[PDB]
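Okay, so here's just one chain, in structure tokens, the form deposited without this ligand.
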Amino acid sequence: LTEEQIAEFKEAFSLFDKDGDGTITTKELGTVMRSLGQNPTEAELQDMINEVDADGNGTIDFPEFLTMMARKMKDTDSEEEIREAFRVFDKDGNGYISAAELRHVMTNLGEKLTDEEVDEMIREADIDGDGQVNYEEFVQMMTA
């Protein structure tokens, strides 16, 4: 249902294209951000456009917005999947996965590990050496 898909993307684009000329400029991007409680500098506004402007003409057109929007979507889907799985491991939602927590989910996965085996797993991902795995350390282990 691309047709319906493009429609939703067109809708998003129009929010930024304040004057409707078919392009988004630094100033238009600027008014959108400011309405969000963010007052970026012209320098920051230029870096944002630079990242998305494939033909280097200085503005973003629909096709350029579409391709970036897409790639961004895919990525937002990744993050929320990993964040979901983090919540399942962090049985007490304290923000960190302990040895005991990791060992209990592992048994549920069909792997009966000893405390020493779980401790080794934690150690491998434990960057701040606090004996637990935080989200940052979890994504590192996940992705990498």
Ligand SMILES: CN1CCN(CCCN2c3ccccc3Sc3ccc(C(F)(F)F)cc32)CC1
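Residue numbers here begin at 1 and follow the sequence given.
Stretches 74-82 and 106-114 differ in mean C-alpha B factor, with the higher average recorded for 74-82. Per the PDB record, of the two stretches 123-131 and 13-21, 123-131 carries the greater mean B-factor over its C-alpha atoms. Among all modelled residues in this chain, the alpha-carbon of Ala43 has a temperature factor (C-alpha) in the middle third. Sort the chain's modelled residues by C-alpha temperature factor and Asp61 lands in the lowest third, per the entry. Per the deposited record, the Cα B-factor of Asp92 falls in the highest third when ranked against the other modelled residues of its chain. Among the modelled residues of its chain, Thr67 has a C-alpha B-factor that falls in the highest third, as given in the PDB entry.
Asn50 sits in the lowest third of its chain by CA B factor, as recorded in the PDB entry.
The discussion below concerns the form deposited with this ligand bound, not included here.
In the entry with it bound, this ligand sits beyond 4.5 Å of every heavy atom of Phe62.
Shown without its partner, the chain has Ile97, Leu102 in segment 92-110 as residues with a non-hydrogen atom within 4.5 angstroms of this ligand in the entry with it bound.
With a change of no less than 3 Å, the CA-CA distance between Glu136 and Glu51 is larger in the entry with it bound than in the form shown.
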